[PDB]
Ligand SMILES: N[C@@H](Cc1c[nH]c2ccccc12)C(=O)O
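Just the one chain here, laid out as structure tokens, in the form solved without ligand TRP.
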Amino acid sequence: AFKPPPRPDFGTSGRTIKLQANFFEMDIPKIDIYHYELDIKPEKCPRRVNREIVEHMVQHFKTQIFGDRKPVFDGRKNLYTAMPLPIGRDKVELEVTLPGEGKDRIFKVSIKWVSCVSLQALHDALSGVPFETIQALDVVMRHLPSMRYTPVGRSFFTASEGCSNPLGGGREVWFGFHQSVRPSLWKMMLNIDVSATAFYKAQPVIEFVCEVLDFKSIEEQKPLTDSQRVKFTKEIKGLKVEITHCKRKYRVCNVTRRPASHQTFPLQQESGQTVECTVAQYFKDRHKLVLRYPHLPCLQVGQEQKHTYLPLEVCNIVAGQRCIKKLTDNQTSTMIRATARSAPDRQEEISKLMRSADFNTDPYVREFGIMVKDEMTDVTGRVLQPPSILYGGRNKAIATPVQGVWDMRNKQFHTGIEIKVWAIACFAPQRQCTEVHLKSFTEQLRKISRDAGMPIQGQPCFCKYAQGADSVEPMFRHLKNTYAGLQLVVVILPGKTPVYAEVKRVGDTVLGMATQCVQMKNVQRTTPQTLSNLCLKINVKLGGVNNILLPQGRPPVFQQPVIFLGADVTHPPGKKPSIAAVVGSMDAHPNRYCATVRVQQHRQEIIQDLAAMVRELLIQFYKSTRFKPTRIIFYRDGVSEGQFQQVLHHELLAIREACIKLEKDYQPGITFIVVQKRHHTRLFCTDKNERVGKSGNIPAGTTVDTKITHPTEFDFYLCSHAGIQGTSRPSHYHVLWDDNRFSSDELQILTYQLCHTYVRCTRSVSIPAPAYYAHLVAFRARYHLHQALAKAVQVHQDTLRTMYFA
């Protein structure tokens, strides 16, 4: 339970396709490079500051220490050099003083040698693995960009010269790129990809207040209401501000309730005695400054103490601050508008980026003798054959997926459910949604249901109008009590409303009855496709089977009983908890899934109570099939490489712990797979004849497990979905454990077929259904809103065995 398995083989399935990956080969010298450690005093300075200190330190001590050498820097505590520094071995203490805001002051730095980073040893590892050596290369690579650009994670960003793209609310668009050094067989790869994220516009807080509160002019003043203030506080708390009146960015902690004219602080007079002085008066006495907007609040900085309240008019927003807060429906949209391009389009943008970057002329990488190709790596992919999807009806219509898509026309559900009793709850005003609208909708709806293999028998037994989330349960109690055998409640909503949160709360936790929701606009105007996808959601919500994988066309793993698990944990931005969700198959298709859900520590990827969740799912698997899984396939979503050994140590045992809590000698083979969509590896078609759709992506089924993958471990890429817009993300899979002795072909084909079991659409999705369902559960649980919390997330006993999250 400690070390991931080696790659078993490469696999031969599918027909070859020629691809290029945004990976650029690196030529690394066989030399040894030298590692030094740095003790900077004070040691709590951010990387940007340390970088400047070190940059000045290298220039200043030119003659004695560095000379004509060009050392790179961690930003924290590591410096690397191409040839040995004249440290010799023993520690040296250096002093730097830099320009200050007005104090002009001090930094104590010292160098000590640590080791000799062997690059030749790295070459050997790439031929059948030194993280430390890899970390050194990253530093050599991003030493320069880190100086000129704004480092964000493993990416860089700069302000447009330029476009200057707004988003409103003080937010603006910054275009950037990602750079990372990746290992692969034989070669070291430089992963490059174009990026774009939100940043706060460098403007005075006064102007910032306007964009946040939608002010034309400042005046349009009187003190901000309790409403206007809490929004501004929530938008500025945690941001850096700088003083205009007399370079020192300070970090905002809170915004005062009282205006500057009335907000006070204890000021100590020259006679020892302290007194309460207003911020407005202090700026008059001390700074000769009569406040222009005394009716506006004060930004509060430093700690809870000392106090340090600053008026809004003397503060600006520090440049280079990324926006962490999620953005409005539109801001996201216009951001995507900027990004999206298409796969051919973005491949040029990377090449354009590689052209301007010009690594082969970088002073620091020339120093280290490193060379990088200007052409994308050429890889062969295999496009796997999609599984035949089996439908029911009388004709047993088999659908064959074409380019990640199939249809339901002239086809019917595997086991369609006979809806006989159902109600309708319209929360949209009758003025917008009329009885004619509902009736039309319904008649249109039923007609689809008919040809879908899931017939709705007649008119709804109940139909009413309502308003407010408070009117949900009194109607819902009424429905369950007065209608015996009630199957479905069709709630109709006017756009966005907290009613949905209550509808899903009561329907999944309190009363426990399926509730399908639909916006007002989709009732006023109905389309056969939209209605059809609704029938996909309500059939499975009533314990139905839309379609199953073709039995004969399945991997040899289904020969014995096997459960497929899907796990994902979603996180909040406030002091809210993280939500861990784990699902599991409940049949041999696989089609039906049960959902477990927990709450845990704030920002914690490790599923804490995993052993309990897996235990529950295993019980349900036996309650549905009389079978104890001989194998456990686990698709874990959202785990990075640096956390692999962490989640493997706790979550693999947790699954094993769950197996032996049931029975002492119950040890099914466990396959632990981590799925990733959060990466920067893109695949492009070499031939223009292989491009699909004018987004021009790789076809669904494109599998890459060579050239750019892990040199020793079992990992592969699989773009299981059909790209509709922009550039597709080839989902990465990394086998952390596998008792089942899977082959490359079998596991990749299995993973690919599992992407065809997603019931919400007649498409092949990016991640397997278990992983996707797990996301839906942890997202539905977020609409479900300590121990109260655990209770809030608990699903009603009868909806406990249904795909309510569908």
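Take the two forms, superpose them, and find the largest set of C-alpha atoms that agree within 1.5 Å; that set is the rigid core. Start at 1 and count along the sequence shown; that's the residue number.
Heads up, the form solved in complex with ligand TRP isn't pictured, but that's what we're talking about next.
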Can you check whether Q559 is within 4.5 Å of ligand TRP in the entry with it bound, heavy atom basis?
yes
Within a 4.5 Å heavy atom cut-off, is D358 in contact with ligand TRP in the entry with it bound?
no
Contact flag, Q667 vs ligand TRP in the entry with it bound, heavy atom cut 4.5 Å:
yes
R691 within 4.5 Å of ligand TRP in the entry with it bound, heavy atoms:
no
Three residues, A588, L618 and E663; all within 4.5 Å of ligand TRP in the entry with it bound via heavy atoms?
yes
Location of ligand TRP contact in the entry with it bound, chosen stretch of 620-628, 178-186, 675-683, 146-154 [non-hydrogen atom, 4.5 Å]
620-628
Answer key: of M454, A581, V523, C659, within 4.5 Å of ligand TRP in the entry with it bound (heavy atoms) is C659
Just to confirm, with a 4.5 Å cut-off on non-hydrogen atoms, which of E55, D39, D739, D27 contacts ligand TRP in the entry with it bound?
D739
Of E616, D138, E207, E713, the residue whose C-alpha shifts by 2 Å or more between this form and the one not shown, after superposition on the rigid core, is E207
Comparing between this form and the one not shown on the rigid core: C-alpha of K661 shifted by 2 Å or more?
no
Superposing on the rigid core, do we see a C-alpha displacement of 2 Å or more at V490 between this form and the one not shown?
no
Taking the rigid core as the superposition reference, indicate whether the CA of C463 shifts 2 angstroms or more between this form and the one not shown.
no
